[PDB]
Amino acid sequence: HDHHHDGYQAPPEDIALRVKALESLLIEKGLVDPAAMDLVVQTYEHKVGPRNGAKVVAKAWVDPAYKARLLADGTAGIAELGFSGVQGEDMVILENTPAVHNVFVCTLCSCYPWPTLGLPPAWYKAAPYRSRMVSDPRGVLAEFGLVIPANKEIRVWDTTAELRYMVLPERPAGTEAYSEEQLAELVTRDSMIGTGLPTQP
């Protein structure tokens, strides 16, 4: 059938007018500044996105000292690369290992590490992913083409508080002496949410 509740359903036909009406109201009252709003939009449209987290991952892969700092203090760790702020004030980095596969969700809404991954995709914020991720992780991951070994523990982290999580994926095999930049290219958004793995060369 149609999309209904997966986040990709069609908005009401008059939604853009409703939004314009409220915006005018707020501007007229002096509550908001359009110019500042434009800067906010530009920030999340062009400046902040998963490339940020990718740089964090790549650096951690090549620099064990940085990795240790990052795992000890996520916020300070990502700050070394100039990433910080709204919805990433108190970061916790989750290390994937041969024994543990991490993945995170916000069952209650949409909490997500903006400074390293940017704004979340619609699916992350919708009922299908949020409802099922905490009960049948394997079933959900299978839908993304990811099958976790049966003997590997999956840890699902529900973002119910003001801590924000990002996954440090495992470095793909056969990437010897890659530069941080080549490694960063392999780090997908999904790999940092835990709903996928880094690209295999």
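Residue numbers here begin at 1 and follow the sequence given.
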* Mean CA B-factor: is it higher for 169-177 or for 153-161? -> 169-177
* Structure fact -> Chain-relative C-alpha B factor for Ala35 (record values, thirds): the middle
* Modelled-residue ranking by C-alpha temperature factor, third containing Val100 -> highest
* Structure fact -> By the entry's values, the third containing the CA B factor of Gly196 is the middle
* To do: Classify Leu146 as lowest, middle or highest third according to the C-alpha B-factor given in the PDB entry, relative to its own chain.
  => highest
* Thinking about Cα B factors across the chain, which third does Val48 belong to? -> middle
